[PDB]
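Only one chain is included here, represented as structure tokens and corresponding to the form deposited in one PDB entry.
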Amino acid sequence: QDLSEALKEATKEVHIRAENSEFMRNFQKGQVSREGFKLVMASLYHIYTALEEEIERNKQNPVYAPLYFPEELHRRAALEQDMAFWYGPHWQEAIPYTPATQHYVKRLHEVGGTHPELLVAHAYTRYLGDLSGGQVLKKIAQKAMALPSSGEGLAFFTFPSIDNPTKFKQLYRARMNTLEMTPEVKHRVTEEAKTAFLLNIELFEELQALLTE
């Protein structure tokens, strides 16, 4: 069984749970405020910072290297424009760093430092999602929050070096299938992908509590 297929199978059920999180329902219903959006976006800032720092540490390692697409995928410079937009010039000393965000960053550093062969799980989970449901979330954000088509505030959702997200995703899946793959690596990669989804679910449960409690 191809890694891309194995991953899709392993994560299809938790994906259902992820897209039907309370925070995400509210999001999809058009019920998303400036405050909430700022929270989530700050949290993603720390997360992709960690992910991308670990991608860079392992860019020449053959267990990840074929998935190394900084120009097309990396989100950090984008998230920097977005933080400046949402939090202002001094956003670096403004933005929150929640405990669930930290738990996520911490795992990212463990994977990147000790188990680089799983790093694919974490890039899969985030980047492919961004190129799928992220695109739908983007249109909802624009309508709900009156964000202009020029794109300010939504750099995270914008992939100017990818012309066709669908064909790119196909390319990425195919590449995933060229990684050296043993049963031990395949099993563990698909477990880590599930953990990645859970980390995301936990982040959203925490953001939603913060918006109420």
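Here the rigid core means the biggest group of C-alpha atoms that line up within 1.5 Å when the two forms are laid on top of each other. Counting begins at 1, following the sequence as shown.
Between 76-84 and 89-97, the higher mean Cα B-factor belongs to 89-97. Comparing the deposited coordinates for 156-164 and 26-34, the stretch with the larger average C-alpha B-factor is 26-34. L128: CA B factor lies in the lowest third for its chain, per the PDB record. Among all modelled residues in this chain, the alpha-carbon of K143 has a temperature factor (C-alpha) in the highest third.
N58: CA B factor lies in the middle third for its chain, per the PDB record. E52: CA B factor lies in the lowest third for its chain, per the PDB record. Among the modelled residues of the chain, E192 sits in the lowest third by CA temperature factor in this PDB entry.
What comes next is about the form deposited in another entry, which does not appear here.
After superposition on the rigid core, the C-alpha displacement between the shown form and the other one reaches 2 Å or more for just one residue among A84, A100, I140, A78, namely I140. Once both forms are fitted on their rigid core, the CA atom of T49 lies less than 2 Å apart between the shown form and the other one. Relative to the superposed core, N58 shifts its CA atom by less than 2 Å between the shown form and the other one. Relative to the superposed core, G30 shifts its CA atom by 2 Å or more between the shown form and the other one. One change in the other entry concerns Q135 and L119, whose Cα atoms lie at least 3 Å farther apart than in this form. Between the C-alpha atoms of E191 and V136, a gap widened by no less than 3 Å is obtained in the other entry, as opposed to the form on display.
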